[PDB]
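**Q**
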Amino acid sequence: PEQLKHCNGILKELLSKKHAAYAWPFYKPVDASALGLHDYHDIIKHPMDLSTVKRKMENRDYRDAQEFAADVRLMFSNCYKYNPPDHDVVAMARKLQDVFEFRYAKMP
Ligand SMILES: COC(=O)C[C@@H]1N=C(c2c[nH]c3ccccc23)c2cc(OC)ccc2-n2c(C)nnc21
Numbered sequence: 347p348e349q350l351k352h353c354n355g356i357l358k359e360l361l362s363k364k365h366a367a368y369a370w371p372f373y374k375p376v377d378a379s380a381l382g383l384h385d386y387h388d389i390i391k392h393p394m395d396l397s398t399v400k401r402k403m404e405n406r407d408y409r410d411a412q413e414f415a416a417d418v419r420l421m422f423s424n425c426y427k428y429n430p431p432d433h434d435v436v437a438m439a440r441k442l443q444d445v446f447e448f449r450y451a452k453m454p
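The sequence shown stops at residue 454 when you use the deposited numbering, and every number in between is there.
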């Protein structure tokens, strides 16, 4: 209960303007067609993004904090999985994950 309330606050920061410089690629699902990706959905089997997490939050689909954090980390993993480590989107994912993992750790 109060746990899921904290998760809601974390999500607002990930979407806040303070982190928009490196968090924008994760606002909406990967549009493989718009990006020219031909193997994204064959390799990434369970896509995830901040709007989908926000939706599941609003529909009260998360039962605890652990279920919420599982989706957020999966979002970063898909980015790490599909892209080589030298790509900048991986660096943006690492920057945003360090923000998430820090705030998530400071949860009561
Ligand atoms: C060429 O390879 C790709 O298109 C992969 C794709 N690239 C970026 C991106 C974002 N800054 C970048 C800098 C250099 C290279 C790629 C990028 C991107 C952009 C988006 O804007 C709507 C939305 C999703 C992503 N996104 C995610 C999340 N995970 N992978 C990708």
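C-beta: ideal position from N, C-alpha, C; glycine also.
Which ranges would you report for the alpha helix (DSSP H) in the region 352-393 if only whole runs of at least 4 residues count?
**A** Fully enclosed alpha helix (DSSP H) runs of 4 or longer: 366-369, 378-381, 386-389.
**Q** Would you give the residue range spanned by the alpha helix (DSSP H) that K441 belongs to?
**A** Note, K441: alpha helix (DSSP H), 434-451.
**Q** DSSP three-state call for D407: helix, strand or coil?
**A** In the structure shown, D407 sits in coil (DSSP, three-state: anything other than H, G, I, E or B).
**Q** Does any heavy atom of ligand 1 sit closer than 7 Å to the C-beta of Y428?
**A** Yes, ligand 1 has a heavy atom inside 7 Å of this Cβ.
**Q** Could you pull out every residue in the same chain whose Cβ sits closer than 8 Å to the Cβ of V399, ignoring the five residues on either side in sequence?
**A** Taken in chain order, the residues that qualify are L357, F414, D417, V418, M421.
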